[PDB]
Amino acid sequence: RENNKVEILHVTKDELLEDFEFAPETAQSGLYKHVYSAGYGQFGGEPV
Amino acid sequence: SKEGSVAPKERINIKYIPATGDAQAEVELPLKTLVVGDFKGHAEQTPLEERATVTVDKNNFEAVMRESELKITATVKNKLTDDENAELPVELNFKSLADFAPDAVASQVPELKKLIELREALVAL
Amino acid sequence: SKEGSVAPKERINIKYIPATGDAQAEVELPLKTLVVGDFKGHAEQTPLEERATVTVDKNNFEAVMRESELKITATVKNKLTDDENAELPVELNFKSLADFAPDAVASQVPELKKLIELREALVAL
Amino acid sequence: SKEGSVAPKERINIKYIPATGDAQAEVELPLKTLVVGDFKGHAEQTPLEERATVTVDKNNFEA
Amino acid sequence: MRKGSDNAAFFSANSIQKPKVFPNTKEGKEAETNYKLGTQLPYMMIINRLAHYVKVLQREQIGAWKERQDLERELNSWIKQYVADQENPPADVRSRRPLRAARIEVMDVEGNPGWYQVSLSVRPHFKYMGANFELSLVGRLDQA
Amino acid sequence: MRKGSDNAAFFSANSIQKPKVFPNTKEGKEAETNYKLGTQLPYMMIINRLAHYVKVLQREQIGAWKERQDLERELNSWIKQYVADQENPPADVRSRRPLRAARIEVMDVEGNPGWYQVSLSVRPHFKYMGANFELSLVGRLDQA
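What the entry reports as its method is cryo-EM, with 3.5 Å given for the resolution.

Pasting the structure below:
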């Protein structure tokens, strides 16, 4: 009720590395999209 | 439209205007946290960028578990006998935190469930 | 045309002209490097002046490897037995850097691949 | 990397930068002494340049 | 699109034209400034309406007794109509009076009496279109 | 863990970052002060929320008629919202208004009209995180 929110994202350490190593740069990582792109960097959105 | 509607111009025009001066209204930002972790017993085939996040709160926590669908396929030492080569494989399923209680564990493991049934039969003496 | 268009002359003529004075516009030059080297397992028949250069960047590095088509035909000591005269010839192929991992090496060498299959069968006990 | 990471350029860019000015950070140097002497009952066959030094402190002296 | 709403927004209205780069000197950077203003539609619209007003209102003046400095005098008094050169005019005033400064010079077309060469240069109020922020924690900061 | 209870406590929340050492001079010690504030999460959280508020609220202002000093004026009035610069504000006030002082400077991005370069520096209230005590018995002490 105090404007607190929480989201769950299922990820193992191994596949975090998979994604970070797979992507060419951090700006194209899947996690970056969930954290930055779809939040902080989106007009009308909200920041994690 | 947030502009505010007025009538066509006449000799006498009356409009209500809120005296907020030049104050810039602002929006309160929530504190949102992201919990990242291995909440299932296996990795997903879906790419990280594709799998979605789940909003959790007090009024739906259990619902979230139910929808997430938890399952554990694992093997433990079978101590219901006296053989070191005896192993027991179980397939546990969880819908809520109550399902991690020994009561539920027994109900989902026939090798124990039947022994509980036996217990009750013996108690019924 | 970069001249800028105007209407036919009248009594009153109006034209927009950007006040850049006599300043000479200039073009920024990139820093381009040329990496020259033996990126394949063999020399090409095509003359140096004929073979072309390949532009590489972060968003297509792997694509470039795939298109370049890498192959290694080589012979190593066969240590899967106890014979000094035993030799093993392999034909490795690469599409991306991931293909240089032991995992890929095994998959492209039947003499090892089958042993990995065996390993998995033994694990399945 | 000690450079510090930033996001791709947008209309509004925000970066935290520590105000250390032009002050040059420096590293404290230890006081290390070298004790050289005949700690064994015999000379070693190993050349001086080859035999190595041993770091000693209160928590491993006996070791 | 504003996320989660029914509102959208145009953050800028750049034209097709690509900005030119000039040498990094006082003069060169001024050239860049000038050219970029030209490349953006929010400023070009000002020029466009000015062009339209000049065309119309000047045709009405054709045949009047005007000497070179007569045009300078009158054109100056005219352009002031749309200028807001105050220390800090409110956004509403800045909107209806888009210009901050203006300069007019009039010359004669030599060998053609009654014809003139006019130069009109204007400095519009600037739109806020981006910024970089540097954040820093500090001890012993002067107290605001 | 608080011995003999069911209570535990986090005495500090230092980040991973190791503090840098500077020369022992007025300026060097100020550099150390500044850098250490950066290394501790209780202060970084302040910066983080400020960053978030700036990003959001500034996007709303894009396209407004702002000159350089307009941003200085407005940004100053904004940051004051979270400042508690009293002689001795109570801990509750200090909590909801984490900053003691703040400084803002705005410059122009030369050759790019409508773009600005902003510097924001803040001095947070300090947390009590340790102390050394020297005890001494004394005769003829001035009487408190």
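### Description of the overall build of chain E
Along its length, chain E carries four helices and three strands. For chain E, the N- to C-terminal ordering of α and β elements is α-α-α-α-β-β-β. Judged by the C-alpha coordinates and their principal axes, chain E covers about 70 × 45 × 35 Å. The buried share of chain E, taken over its 144 residues, is 32%. Excluding contacts between residues fewer than 6 apart, the proportion of contacts in chain E whose partners are at least 24 apart in sequence is 44%. On chain E, roughly 9700 Å² of surface is accessible, and the fraction owed to carbon and sulfur atoms is 51%. Averaging the coordinates of the 22 positive side-chain charges in chain E and doing the same for the 17 negative ones gives two points 8 Å apart.

### Examining a nonpolar patch on the surface
A contiguous nonpolar surface patch, about 480 Å² in accessible area, is contributed by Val-54, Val-56, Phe-61, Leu-97 and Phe-100 of chain C. Inspection of the secondary structure puts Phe-61 of chain C in helix α1 (residues 61–68).

### Side note on the sheet that holds strand β3 (residues 131–137) of chain E
Ordered by their spatial adjacency, four strands build an open sheet running β1(D)-β3(E)-β2(F)-β1(F), and the pairing between neighbours is mixed. The open sheet terminates on both sides in strands that have one partner only, identified here as β1 (12–16) of chain D together with β1 (99–108) of chain F. Within the sheet, the average angular offset between the axes of one strand and its neighbour, ignoring direction, is 15 degrees. Bridge count for β1 of chain D against β3 of chain E is five bridges, and the pairing is parallel. Across the sheet, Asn-13 of chain D pairs through a bridge with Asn-132 of chain E, a residue of β3 of chain E.

### What to know about the pattern of salt bridges
In total, this model carries 42 salt bridges over all chains according to the counting rule given. Close ionic contact of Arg-51 of chain B with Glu-15 of chain A constitutes a salt bridge, the shortest N to O distance being 2.9 Å. A residue pair is termed interchain when its members come from two chains, as with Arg-51 of chain B in the loop between β1 (31–37) and β2 (54–55) and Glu-15 of chain A in helix α1 (residues 13–22). Taking relative accessible area as the criterion, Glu-15 of chain A reaches 10% and is therefore assigned buried. Each of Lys-5, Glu-7 and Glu-46 of chain A together with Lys-32 of chain B takes part in one network of salt bridges that share partners.

### Some remarks on the interface of chain E and chain F
Counting residues at the interface gives 33 residues for chain E and 44 residues for chain F. Note on chain E versus chain F: buried area summed over both sides is about 3800 Å², and carbon and sulfur give 56% of it. Of all residues in chain E, the largest losses of buried area upon contact with chain F belong to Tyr-128, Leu-135 and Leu-137 of chain E, amounting jointly to 22% of the total for that side. The interface formed by chain E and chain F includes five salt bridges. Measuring nitrogen to oxygen at the nearest pair gives 3.0 Å for the salt bridge that ties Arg-140 of chain E to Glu-30 of chain F. For the pair chain E and chain F, the number of links is 27 residue pairs in polar contact. Breaking the side of chain E that touches chain F down by element, the ones donating at least two residues are α1 (26–39), α4 (91–96) and β3 of chain E. With seven residues, the top contributor of residues to the side of chain E that touches chain F is β3 of chain E. Here the side of chain E that touches chain F is composed, by residue class, of 13 nonpolar, nine polar and 11 charged.

### Quick word on the sheet that holds β1 of chain B
Note on sheets: strands pair through backbone hydrogen bonds, and any given pair is parallel or antiparallel. Across the sheet, three strands lie side by side as β1(B)-β1(A)-β2(B); this open sheet has mixed pairing. The sheet terminates laterally at β1 and β2 of chain B, the two strands that pair on one side only. Bridge count for strand β1 (residues 4–10) of chain A against β2 of chain B is two bridges, and the pairing is antiparallel. Across the sheet, residue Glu-7 of chain A finds its bridge partner in β2 of chain B, namely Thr-55 of chain B.

### Considerations on the relation of the copies chain E and chain F
For the pair chain E and chain F, the best superposition has an RMSD of 0.0 Å and corresponds to a rotation of 29 degrees with a translation of 22 Å parallel to the axis. When the interface residues of chain E are mapped onto chain F, a mere 12% of them are again interface residues, pointing to distinct binding faces.

### Section: the interface of chain F and chain B
Counting residues at the interface gives eight residues for chain F and six residues for chain B. Summed over both sides, the interface between chain F and chain B buries roughly 570 Å², with carbon and sulfur atoms accounting for 52% of that surface. Where chain F packs against chain B, one counts zero salt bridges. Where chain F meets chain B, there are four residue pairs in polar contact. With six residues, the single largest contributor to the side of chain F that touches chain B is helix α2 (residues 41–61) of chain F. Looking at the side of chain F that touches chain B residue by residue, the classes come out as four nonpolar, three polar and one charged.

Rules of the game
- Note on numbering: positions run from 1 along each chain as its sequence is written and may not match the entry's numbering; residues without coordinates are not listed.
- As they are written, the chains are lettered A onward and the ligands numbered 1 onward, keeping that order.
- Only a portion of a larger assembly is shown here, and every reported value applies to that portion alone.
- Side-chain figures throughout are based on the complete set of non-hydrogen atoms in the structure, without hydrogens or water.
- Labels follow the DSSP assignment, with helices taken as runs of H or I lasting at least four residues and strands as runs of E lasting at least two, numbered in each case from the N terminus.
- Burial here depends on accessible area, computed with a 1.4 Å probe over protein chains only, as a share of the maximum for the residue type. Under 20% is buried, over 50% is exposed, and the range in between is partly exposed.
- The contact criterion used throughout is that any non-hydrogen atoms of two residues lie within 4.5 Å.
- For every accessible area listed, the method is Shrake-Rupley and the probe measures 1.4 Å; residues are considered covered only by the protein chains on display.
- In this count, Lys and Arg are taken as positive residues and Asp and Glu as negative ones, while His and the chain termini are left out.
- Where a charge sits is defined by one atom per residue type, namely NZ (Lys), CZ (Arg), CG (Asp) or CD (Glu).
- Every patch collects residues that have over 30% relative accessible area and no salt bridge, joining them within 9 Å if they carry like charges and within 5 Å if they are nonpolar side chains (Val, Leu, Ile, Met, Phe, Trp, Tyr).
- Salt bridges are counted wherever a side-chain nitrogen of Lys or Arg sits within 4 Å of a carboxyl oxygen of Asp or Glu.
- For two strands to count as paired, DSSP must find a minimum of two bridges between them.
- A fitted line through C-alpha atoms represents every axis, and for helices the fit uses only the stretch in contact; the resulting angles, taken between N-to-C directions, go from 0 to 180 degrees.
- We define buried area as the total accessible area lost by two parts upon association, computed with a 1.4 Å probe and summed across both.
- In protein, a polar contact means a hydrogen-donor-capable atom and an acceptor-capable atom, both N or O and within 3.5 Å, with residues adjacent in sequence counting only if both atoms are side-chain atoms; elsewhere, any N or O pair within 3.5 Å suffices.
- Classes in brief: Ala, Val, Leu, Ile, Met, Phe, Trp, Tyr, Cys and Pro nonpolar; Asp, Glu, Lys and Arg charged; the others, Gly included, polar.
- The copies are each rotated and translated onto one another by least squares, with the C-alpha atoms as the fitted set.

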